[PDB]
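> Here it is, the structure, as structure tokens.
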Amino acid sequence: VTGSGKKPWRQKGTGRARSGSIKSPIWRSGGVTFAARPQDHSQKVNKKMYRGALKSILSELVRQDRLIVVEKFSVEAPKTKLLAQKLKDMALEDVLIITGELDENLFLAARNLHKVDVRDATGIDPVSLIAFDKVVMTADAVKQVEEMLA
Amino acid sequence: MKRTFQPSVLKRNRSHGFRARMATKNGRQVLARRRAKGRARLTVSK
Amino acid sequence: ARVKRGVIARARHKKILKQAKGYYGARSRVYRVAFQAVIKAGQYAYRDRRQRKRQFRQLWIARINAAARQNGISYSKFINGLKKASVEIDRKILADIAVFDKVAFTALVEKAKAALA
Amino acid sequence: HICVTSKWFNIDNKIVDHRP
RNA sequence: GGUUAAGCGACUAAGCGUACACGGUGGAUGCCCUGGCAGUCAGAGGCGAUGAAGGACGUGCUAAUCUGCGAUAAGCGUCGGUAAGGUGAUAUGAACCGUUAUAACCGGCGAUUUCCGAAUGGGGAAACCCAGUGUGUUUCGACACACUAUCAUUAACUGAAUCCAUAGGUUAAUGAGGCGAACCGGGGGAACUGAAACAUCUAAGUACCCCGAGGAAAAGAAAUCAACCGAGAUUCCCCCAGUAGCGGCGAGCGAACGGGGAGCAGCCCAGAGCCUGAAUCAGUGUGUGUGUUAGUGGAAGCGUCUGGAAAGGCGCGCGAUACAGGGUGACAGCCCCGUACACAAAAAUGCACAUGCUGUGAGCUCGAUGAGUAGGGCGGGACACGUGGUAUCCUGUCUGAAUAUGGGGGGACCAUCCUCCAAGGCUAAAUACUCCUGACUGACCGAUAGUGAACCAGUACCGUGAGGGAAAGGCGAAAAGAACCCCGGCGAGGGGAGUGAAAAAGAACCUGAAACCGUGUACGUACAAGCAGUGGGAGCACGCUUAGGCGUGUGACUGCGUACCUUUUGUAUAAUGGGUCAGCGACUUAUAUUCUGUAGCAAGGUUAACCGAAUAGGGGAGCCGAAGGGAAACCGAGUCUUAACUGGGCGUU
RNA sequence: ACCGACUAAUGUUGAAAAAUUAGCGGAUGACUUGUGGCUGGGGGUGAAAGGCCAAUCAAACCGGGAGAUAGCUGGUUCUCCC
RNA sequence: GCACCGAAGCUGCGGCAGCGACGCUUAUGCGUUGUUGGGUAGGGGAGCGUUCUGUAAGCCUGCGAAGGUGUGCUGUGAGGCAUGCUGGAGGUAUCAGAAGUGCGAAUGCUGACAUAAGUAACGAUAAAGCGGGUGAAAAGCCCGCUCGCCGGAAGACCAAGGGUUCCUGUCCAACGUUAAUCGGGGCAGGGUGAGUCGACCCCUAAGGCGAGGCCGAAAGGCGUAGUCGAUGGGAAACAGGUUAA
RNA sequence: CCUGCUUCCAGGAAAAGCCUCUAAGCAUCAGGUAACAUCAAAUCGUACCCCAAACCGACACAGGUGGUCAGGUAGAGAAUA
RNA sequence: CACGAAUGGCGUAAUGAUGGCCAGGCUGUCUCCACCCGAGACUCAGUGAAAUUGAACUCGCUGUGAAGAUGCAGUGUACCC
Ligand SMILES: N[C@@H](Cc1c[nH]c2ccccc12)C(=O)O
Ligand SMILES: N[C@@H](Cc1c[nH]c2ccccc12)C(=O)O
Ligand SMILES: [Mg+2]
Ligand SMILES: [Mg+2]
Ligand SMILES: [Mg+2]
Ligand SMILES: [Mg+2]
Ligand SMILES: [Mg+2]
Ligand SMILES: [Mg+2]
Ligand SMILES: [Mg+2]
Ligand SMILES: [Mg+2]
Ligand SMILES: [Mg+2]
Ligand SMILES: [Mg+2]
Ligand SMILES: [Mg+2]
Ligand SMILES: [Mg+2]
Ligand SMILES: [Mg+2]
Ligand SMILES: [Mg+2]
Ligand SMILES: [Mg+2]
Ligand SMILES: [Mg+2]
Ligand SMILES: [Mg+2]
Ligand SMILES: [Mg+2]
Ligand SMILES: [Mg+2]
Ligand SMILES: [Mg+2]
Ligand SMILES: [Mg+2]
Ligand SMILES: [Mg+2]
Ligand SMILES: [Mg+2]
Ligand SMILES: [Mg+2]
Ligand SMILES: [Mg+2]
Ligand SMILES: [Mg+2]
Ligand SMILES: [Mg+2]
Ligand SMILES: [Mg+2]
Ligand SMILES: [Mg+2]
Ligand SMILES: [Mg+2]
Ligand SMILES: [Mg+2]
Ligand SMILES: [Mg+2]
Ligand SMILES: [Mg+2]
Ligand SMILES: [Mg+2]
Ligand SMILES: [Mg+2]
Ligand SMILES: [Mg+2]
Ligand SMILES: [Mg+2]
Ligand SMILES: [Mg+2]
Ligand SMILES: [Mg+2]
Ligand SMILES: [Mg+2]
Ligand SMILES: [Mg+2]
Ligand SMILES: [Mg+2]
Ligand SMILES: [Mg+2]
Ligand SMILES: [Mg+2]
Ligand SMILES: [Mg+2]
Ligand SMILES: [Mg+2]
Ligand SMILES: [Mg+2]
Ligand SMILES: [Mg+2]
Ligand SMILES: [Mg+2]
Ligand SMILES: [Mg+2]
Ligand SMILES: [Mg+2]
Ligand SMILES: [Mg+2]
Ligand SMILES: [Mg+2]
């Protein structure tokens with residue numbers, strides 16, 4: 001805190017409480033006993049535990065058939081409205097859609113649809129699998145994941 | 001009774017004025033600190 | 001995450017002052033003073049829940065006694081009678097009947113006297 | 001107000017030695 | 001019924017208490033955020049005698065202050081960009097200026113740029129006094145302007161004691177000087193403290209003073225490690241390991257070998273001959289490309305309900321490579337500004353290349369190979385290493401080699417072996433930092449918080465001075481900021497009126513708590529003694545209920561009853577602390593280690609840095625465990641002890 | 001006059017962080033006074049009291065090391081169960 | 001010797017919780033039933049609420065969010081839910097997650113407000129009285145007549161220091177220890193005229209600075225030539241008048 | 001008048017302006033002296049308080065603040081009334 | 001107990017807001033206090049502080065008690081301000 005380190009007033013004599021530094025947490029302006037610092041909240045998560053979780057997650061998405069796997073999935077042009085329709089026809093609003101190799105148009109559509117995202121095979125993270133109401137995934141991606149998790 | 005401040009500008013300037021301040025490496029550091037502090041009166045002169 | 005505090009604080013405080021309603025001067029105005037007043041009131045109560053049962057019993061026993069004497073017999077003898085009056089058990093409060101039904105009482109006195117004969 | 005200058009002494013001063 | 005007598009007896013409230021209602025005071029709470037805080041990614045890393053940082057005084061249609069600016073003074077020119085509105089803010093008004101391109105506004109480059117300040121013509125109490133010399137006047141005096149500091153280098157001219165020659169002196173050309181957040185190298189260098197005292201030791205080469213420099217600094221091309229196998233400059237990261245060691249063997253301090261990663265780069269001088277300006281580097285002009293300093297275009301919403309107001313609800317459409325964000329009378333993809341996306345530079349510039357000009361050397365042959373040095377003596381200092389058996393490095397002091405058949409090192413020291421070439425230099429990257437520019441982010445704060453400063457704050461104020469250093473945010477959607485009338489002193493303040501959704505939002509203005517102070521009503525209170533309540537409890541006022549010893553308020557009378565904290569063997573204590581309220585105010589964070597829980601896997605478990613398609617995947621360098629015993633060599637389900645165990649110690653489940 | 005400060009009372013939340021009133025000492029001297037100068041912190045100055053060095057002195061003040069250290073005193077905030 | 005009073009002990013009725021067992025019945029909970037439940041330092045267990053992230057482009061909310069103030073209900077408690085009034089724009093279940101997470105004390109910090117109390121006091125015991133003006137109001141201002149006080153000052157001119165306090169109009173909220181028509185207070189306007197007074201200037205004392213120079217780890221120290229520095233030296237105007245100043 | 005005069009020891013600034021002297025230097029010149037005439041003298045300060053209500057004392061504070069002037073009656077008097 | 005000769009011995013005129021003792025004068029210093037004149041204190045009007053303060057419905061006595069009680073026991077006394 002900004003101030004000098006001068007003792008505010010005599011130890012003894014004034015009828016006053018002891019007082020030592022004008023920056024004392026007990027005093028008003030200036031203090032904070034245990035001021036925080038920038039800090040790192042990154043946890044570890046074992047390799048085998050991460051994989052262990054994805055499996056428990058997939059193997060639950062089927063069990064609620066929230067995972068619908070498809071041979072090929074792609075939109076014909078970089079236009080959101082197209083994708084909006086595909087989903088409409090497929091009976092879907094909230095979707096993860098993990099594509100095999102990922103293409104330009106499928107990504108630019110959905111960039112603006114809020115409840116729908118599209119990831120490549122490597123981009124699969126745990127919260128998302130649970131996040132969306134339905135995970136799509138091309139049968140091509142399935143084989144990728146099949147191995148990634150061993 | 002006669003108290004401690006007996007004003008006199010000649011002495012004031014000679015002892016605390018700009019030029020006096022300027023005449024010593026530390027006197028200059030005096031200004032430097034006051035400038036960095038952004039003080040409106042570097043040294044109370046005419 | 002800095003915590004405002006102080007909305008919950010006056011909640012705690014008013015929670016106490018409300019309990020102090022009625023008390024004299026600072027005891028009902030000034031928290032620091034009220035929180036004490038509120039506690040000790042509690043302390044007496046907890047005590048005086050037990051006292052209540054004492055105070056009334058001796059209230060009852062006091063008036064049981066005059067009525068007994070009124071029918072010419074001390075409380076001592078009179079409870080001993082009813083005790084000995086072929087077992088038989090009956091509250092000292094319920095001797096309420098001493099105030100509201102004096103024949104019933106005298107009637108109880110006789111029954112007691114008989115056992116003592 | 002302007003109203004803000006307190007140079008409270010030292011105790012005040014006179015007397016006391018209170019038998020030793 | 002009268003008279004008398006005895007007995008018992010309400011209504012009183014000067015004031016006080018409790019309760020409730022309505023206020024005052026006061027500014028908490030919540031909501032708010034052009035202010036802060038921490039970072040990421042990029043840019044920029046300097047300014048300055050061409051006069052800086054920072055100021056003084058000026059400057060307007062202008063009295064003050066702020067910003068801008070400098071006697072060309074909120075400005076001038078020019079090149080672009082943009083344009084229907086403009087003449088900075090408090091801040092109206094006046095007088096103006098402009099609308100299809102010389103209004104304003106934005107950017108590039110110019111111009112002007114008083115005085116003080118390194119201040120540099122001399123002086124000086126900063127913003128002032130005074131000069132020498134040059135210039136300057138159809139009114140050629142005195143004033144105005146320019147130049148004149150010092151040091152360094154170079155040249156020229158001059159030139160003593162002293163003749164030569166030097167020193168000295170004048171002029172001239174260049175450069176320096178001062179300021180500035182950190183990072184960096186260097187010269188100096190504390191004590192508190194820790195050791196439960198204190199000298200050695202620690203704190204610590206820290207804080208601080210000083211000098212210097214760069215965009216980074218430093219370091220760097222083995223007289224290095226290794227261990228007979230090999231590696232191959234420096235720097236940074238993870239290991240090795242809190243190990244080996246150091247140590248009043250206290251407190252503490254603490255490597256290296258080797259391994260995994262980031263980035264990788266190597267060259268000159270110690271020189272002459274020939275050939276000669278041939279590589280290259282910097283300074284510079286041009287060109288080009290690419291970033292920068294203004295800009296351009298940029299999709300799609302309506303109906304109705306509530307309301308002061310729609311962006312809200314409900315209905316039905318539409319855009320989306322645009323649902324980042326802000327604003328608008330409440331919450332807006334489609335009202336506005338943007339956003340995605342696609343574009344743009346007249347000029348000036350950062351960065352790359354390409355060349356021109358200057359300066360510079362390339363190349364081949366044959367040579368050369370860093371002495372007051374290495375080492376030693378004395379004294380200190382550095383190496384994790386405190387003199388220790390102490391290698392190694394530095395040097396204040398005195399000394400002092402060999403020179404390739406030579407010399408350094410391999411931790412006393414010697415041999416052998418191995419390995420390197422000191423006593424000259426340069427060198428990019430991985431590394432550090434953020435005064436400042438741009439953009440973006442937050443399980444960061446929200447006015448006692450957050451910067452000291454959300455506000456004209458380093459201000460007001462305090463101090464001779466260094467220096468210290470505050471308080472203080474919110475009317476409303478919009479000022480529509482209350483015309484007019486009345487009391488009053490052509491007052492203060494108030495009541496009407498009017499504006500508004502609201503005036504109880506009226507400027508002492510959102511919310512408006514608490515201490516604290518009043519007015520009103522109910523009940524109690526003037527024969528009564530104490531932590532002031534609690535158990536009982538009539539009466540009164542009020543509601544009830546249909547009564548029904550019921551709710552609320554008060555509380556005669558009455559049983560019991562000495563606050564809280566702390567500290568103590570023990571406190572009503574006449575022992576501490578608190579006048580009261582409100583807000584704030586004290587077991588945290590990081591890294592190690594061990595235990596419990598829990599999860600994964602299991603005789604295995606797990607990766608660190610780093611790579612990265614960046615929470616994935618890669619990376620097993622490494623750490624823990626599966627074997628113990630012994631100081632150790634070593635042995636091994638055993639081992640140590642001893643000549644040896646009937647044994648014994650530690651281990652084998 | 002000017003320079004001093006021996007006694008007393010008053011004053012002691014003063015009129016005054018050191019004075020008022022009545023008396024008192026020196027008053028051509030080691031006198032007294034205006035202006036300006038020099039001496040700096042383990043240092044100054046001192047007809048010497050540890051006096052004075054800006055109402056501060058057995059080591060001035062301001063900033064820093066700095067959150068010195070405190071085996072001492074104080075305080076340590078919501079609830080329930082064993 | 002027999003009564004009886006008497007405790008939070010014993011018993012009775014209802015209730016909670018831990019540990020037991022036995023029976024109903026076991027991702028247990030019932031019903032019994034025996035038993036245990038004072039407590040400082042302190043150990044263990046389980047929880048409330050606050051701020052913030054997700055869940056959440058969800059949900060609540062101008063038909064009224066947060067906050068404030070009442071009221072009812074509810075839980076063992078920290079609390080919760082509902083709602084009237086106020087308020088006028090935000091709030092967030094649930095399950096997870098993270099802490100500036102809870103105040104009565106520290107002669108704690110900041111602000112606000114009490115108390116003593118309408119008490120002390122209103123700053124020299126030189127002293128006032130009356131008449132008349134002005135004014136909303138006159139003990140205090142203006143004018144007048146008395147009275148009293150200083151007169152080596154309590155008169156007059158400056159330096160130092162201040163820095164518009166000067167003069168004139170105007171106002172009385174705040175400042176004035178009361179009132180205030182008055183002021184050294186607010187606002188506005190005015191006012192400082194020099195060859196001769198003074199500064200600048202020439203001259204130097206103390207002392208300061210100091211090209212070169214001597215000295216010093218750096219910073220710097222001392223000092224020559226000089227150059228600065230008045231408290232001293234250096235040319236010259238007097239009597240009178242006039243301005244509200 | 002008097003920076004005099006007398007006397008004493010503790011022995012009482014400096015420099016310039018002013019006067020005079022010449023050196024280098026100029027010698028008809030320039031300069032120097034006088035009379036009269038004329039021209040120049042800038043700039044900055046100048047209000048007010050100043051033993052105090054305007055300065056140092058936090059105050060309209062019984063304190064502190066250097067220089068200058070000094071009438072009548074009594075009196076030695078700047079005492080005192 | 002326990003001076004002593006330059007951390008000087010013994011004397012000493014004069015000087016001293018120096019210490020001790022005595023006397024004349026003098027008196028309100030005292031016996032022993034009375035009266036008076038002025039400034040406060042008191043009343044009215046105006047302005048308007050302070051320290052302290054856990055909370056107060058804040059009596060006496062004898063006793064108890066962390067051992068010296070307005071607050072505990074007992075008791076006496078007491079209309080409110
Ligand atoms: N009376 C003083 C005590 C004291 C005696 N001498 C002093 C000197 C200075 C200050 C105070 C004192 C007080 O109240 O505490
Ligand atoms: N102690 C003595 C004298 C005294 C008064 N004040 C003092 C301050 C410090 C020392 C002593 C004193 C007394 O009180 O009567
Ligand atoms: Mg300090
Ligand atoms: Mg802070
Ligand atoms: Mg990983
Ligand atoms: Mg009982
Ligand atoms: Mg009355
Ligand atoms: Mg009342
Ligand atoms: Mg100059
Ligand atoms: Mg100069
Ligand atoms: Mg120690
Ligand atoms: Mg080899
Ligand atoms: Mg545009
Ligand atoms: Mg658009
Ligand atoms: Mg060599
Ligand atoms: Mg180098
Ligand atoms: Mg602040
Ligand atoms: Mg607030
Ligand atoms: Mg309001
Ligand atoms: Mg009565
Ligand atoms: Mg009483
Ligand atoms: Mg009694
Ligand atoms: Mg004790
Ligand atoms: Mg104890
Ligand atoms: Mg007790
Ligand atoms: Mg007491
Ligand atoms: Mg006490
Ligand atoms: Mg005399
Ligand atoms: Mg002093
Ligand atoms: Mg401390
Ligand atoms: Mg330290
Ligand atoms: Mg208990
Ligand atoms: Mg909230
Ligand atoms: Mg509190
Ligand atoms: Mg407590
Ligand atoms: Mg106090
Ligand atoms: Mg009183
Ligand atoms: Mg009185
Ligand atoms: Mg009085
Ligand atoms: Mg003024
Ligand atoms: Mg005037
Ligand atoms: Mg007044
Ligand atoms: Mg005035
Ligand atoms: Mg001179
Ligand atoms: Mg020099
Ligand atoms: Mg010198
Ligand atoms: Mg002079
Ligand atoms: Mg004058
Ligand atoms: Mg006055
Ligand atoms: Mg005065
Ligand atoms: Mg006199
Ligand atoms: Mg001696
Ligand atoms: Mg004497
Ligand atoms: Mg009065
Ligand atoms: Mg007593």
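Identifiers in the structure tokens: chain A, B, ... in order shown; residue index from 1 per chain; ligand index from 1 in order shown.
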Which chain C residues are at most 7 Å from chain G (counting only C-alpha atoms (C1' of nucleotides)), as a list in words?

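Per the criterion, chain C yields residues 1, 2, 3, 4, 5, 32, 76, 77 and 80 of chain C.
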
> Counting only C-alpha atoms (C1' of nucleotides) and all ligand atoms, which protein, DNA or RNA residues come within 12 Å of ligand 53, given as an NGL selection string?

(:F and (6 or 25-26)) or (:I and (15-18))

> Generate a file of the selected residues that holds C-alpha atoms (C1' of nucleotides), formatted as a PDB file, in the first residue's frame.


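Okay, result-v5.pdb is ready:
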ATOM      1  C1'   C F   6      15.578  35.721  42.759  1.00  0.00           C
ATOM      2  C1'   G F  25      19.287  41.587  39.093  1.00  0.00           C
ATOM      3  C1'   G F  26      22.444  43.907  35.306  1.00  0.00           C
TER       4        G F  26
ATOM      5  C1'   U I  15      31.108  41.993  46.903  1.00  0.00           C
ATOM      6  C1'   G I  16      26.264  38.240  46.991  1.00  0.00           C
ATOM      7  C1'   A I  17      18.003  38.289  44.359  1.00  0.00           C
ATOM      8  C1'   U I  18      23.853  32.777  48.418  1.00  0.00           C
TER       9        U I  18
END

> List as a PDB file with C-alpha atoms (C1' of nucleotides), in the first residue's frame the protein and nucleic acid residues lying within 12 Å of ligand 45, with only C-alpha atoms (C1' of nucleotides) and all ligand atoms counted.


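The resulting file, selection-v1.pdb, is reproduced below:
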ATOM      1  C1'   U E 150      32.903  23.828 -20.832  1.00  0.00           C
ATOM      2  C1'   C E 151      35.361  19.367 -22.079  1.00  0.00           C
TER       3        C E 151
ATOM      4  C1'   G G 210      35.385  28.236  -9.138  1.00  0.00           C
ATOM      5  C1'   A G 211      38.346  27.346 -16.275  1.00  0.00           C
ATOM      6  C1'   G G 212      42.797  25.065 -15.580  1.00  0.00           C
ATOM      7  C1'   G G 213      44.845  22.837 -11.278  1.00  0.00           C
ATOM      8  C1'   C G 214      46.177  19.382  -6.493  1.00  0.00           C
ATOM      9  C1'   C G 215      43.408  15.266  -4.170  1.00  0.00           C
ATOM     10  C1'   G G 220      33.167  13.986  -4.688  1.00  0.00           C
ATOM     11  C1'   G G 221      37.022  17.348  -1.742  1.00  0.00           C
ATOM     12  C1'   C G 222      40.021  21.774  -1.546  1.00  0.00           C
ATOM     13  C1'   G G 223      41.673  25.834  -4.174  1.00  0.00           C
TER      14        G G 223
END

> Compute the set of chain B residues within 10 Å of chain F, using only C-alpha atoms (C1' of nucleotides), and express it as a list in words.

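Applying the cut-off to the listed atoms yields residues 1, 3, 4, 5, 6, 10 and 11 of chain B.
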
> Could the residues in this selection be saved with C-alpha atoms as a PDB file, in the first residue's frame?


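Here's the written file part.pdb:
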ATOM      1  CA  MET B   1       7.719  34.639  23.040  1.00  0.00           C
ATOM      2  CA  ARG B   3       8.801  31.205  18.107  1.00  0.00           C
ATOM      3  CA  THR B   4      10.685  29.008  15.590  1.00  0.00           C
ATOM      4  CA  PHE B   5       9.592  30.393  12.205  1.00  0.00           C
ATOM      5  CA  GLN B   6      11.175  33.780  11.635  1.00  0.00           C
ATOM      6  CA  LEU B  10      16.403  35.841   1.127  1.00  0.00           C
ATOM      7  CA  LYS B  11      17.242  32.952   3.417  1.00  0.00           C
TER       8      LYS B  11
END

> With 10 Å as the limit and counting only C-alpha atoms (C1' of nucleotides), what residues in chain D lie close to chain F? Please list them as a PyMOL selection string.

chain D and resi 9-10+12-14

> At what distance in Å, to one decimal, does atom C1' of residue E:602 lie from atom CA of residue A:47?

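Result for atom CA of residue A:47 versus atom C1' of residue E:602: 15.1 Å, one decimal.
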
> Using only C-alpha atoms, I'd like every residue of chain A that has an atom within 10 Å of chain D; please write them out as a ChimeraX atom specification.

/A:10,12-15

> I need the residues from that last selection saved to file as a short mmCIF file (atom, residue, chain, number, x, y, z; two decimals), in the first residue's frame (with C-alpha atoms), if you can.


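The resulting file, part04.cif, is reproduced below:
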data_model
loop_
_atom_site.label_atom_id
_atom_site.label_comp_id
_atom_site.auth_asym_id
_atom_site.auth_seq_id
_atom_site.Cartn_x
_atom_site.Cartn_y
_atom_site.Cartn_z
CA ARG A 10 4.01 7.83 20.16
CA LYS A 12 3.03 5.61 25.12
CA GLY A 13 1.63 8.93 26.28
CA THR A 14 -1.23 9.91 24.00
CA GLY A 15 -4.39 8.30 25.21
#

> Return as a list in words every polymer residue, whether protein, DNA or RNA, with at least one atom no more than 10 Å from an atom of ligand 8; count only C-alpha atoms (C1' of nucleotides) and all ligand atoms.

residues 16, 17, 18, 19, 519, 520 and 521 of chain E

> Could you give me, as a PyMOL selection string, each residue of chain B that DSSP assigns to helix (DSSP H, G or I) when run on this structure's backbone?

chain B and resi 9-16+18-22+25-36

> Please return as JSON, numbers by chain the residues found within 8 Å of ligand 24, counting only C-alpha atoms (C1' of nucleotides) and all ligand atoms.

{"E": [568, 569], "G": [40]}
